[PDB]
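*Asks:* model the following, please.
(2 chains)
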Amino acid sequence: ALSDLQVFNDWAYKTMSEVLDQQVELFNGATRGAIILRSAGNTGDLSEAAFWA
Amino acid sequence: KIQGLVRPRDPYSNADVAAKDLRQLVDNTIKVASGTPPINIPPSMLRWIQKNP
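*Replies:* Numbers count the residues shown, from 1 in each chain, chains lettered A, B, ... in the order given. You can find the structure just below:
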């Protein structure tokens, strides 16, 4: 523009923030089922499972 | 209660008897303040054993 007029550089607040910088998509299909992300409720320090030998 | 409200009287005599007065006794209901010590309720312990905190 010019000095006579006033320039007002527009601005904005981004809704999306930076999330990560490391590849962490290695679950289920992304890793061909190698690593499985499951949602279940487990009681105690650990959860045992007994399968016949 | 007036301790000597009724007194032996001699009609033949005419001696002065000490003037008496009535006083007022007061009762009392003391207030007692009770409470509970801080009870720790960490959500982590209940969550570890899958219990609603």
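*Asks:* give me the element residue A:21 is part of.
*Replies:* Of the helices and strands defined by DSSP states H and E, none includes residue A:21.
*Asks:* can you report how many residues neighbour it?
*Replies:* 6 (other Cβ atoms under 10 Å in any protein chain shown). C-beta here means a position set from N, CA and C on the backbone, and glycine is covered the same way.
*Asks:* and stretch A:4-21, end to end?
*Replies:* In stretch A:4-21, first residue to last residue: 46 Å (Cα to Cα, to the nearest Å).
*Asks:* which bits of chain B sit near chain A?
*Replies:* Within chain B, the positions lying close to chain A (Cβ under 8 Å from any Cβ of the partner chain) are B:48, B:49, B:50.
*Asks:* mind redoing it with 10 Å?
*Replies:* By the rule Cβ under 10 Å from any Cβ of the partner chain, the part of chain B lying against chain A is B:47, B:48, B:49, B:50, B:51.
*Asks:* for the residue nearest to the last one when sequence neighbours are not counted, helix, strand, or coil?
*Replies:* Nearest in space to residue B:51, with sequence neighbours left out and distances taken as Cβ to Cβ, 6 or more residues apart in numbering or on different chains, is residue B:45 at 8.0 Å. Residue B:45 carries the three-state label helix when classified by DSSP: H, G, I helix; E, B strand; the rest coil.
*Asks:* what's the neighbour count on the residue of chain A found nearest chain B?
*Replies:* When distances are taken as Cβ to the nearest Cβ, chain A reaches nearest to chain B at residue A:43, 4.6 Å away. Around residue A:43 there are 10 other residues, counting by other Cβ under 10 Å.
*Asks:* that one: what's it in contact with?
*Replies:* Residue A:43 makes contacts with B:48, B:49, B:50, B:51, as judged by Cβ atoms under 10 Å, 6 or more residues apart in numbering or on different chains.
*Asks:* what is the nearest of those residues to residue A:13?
*Replies:* Nearest to residue A:13 among those, counting by Cβ to Cβ, is residue B:48 at 39.2 Å.
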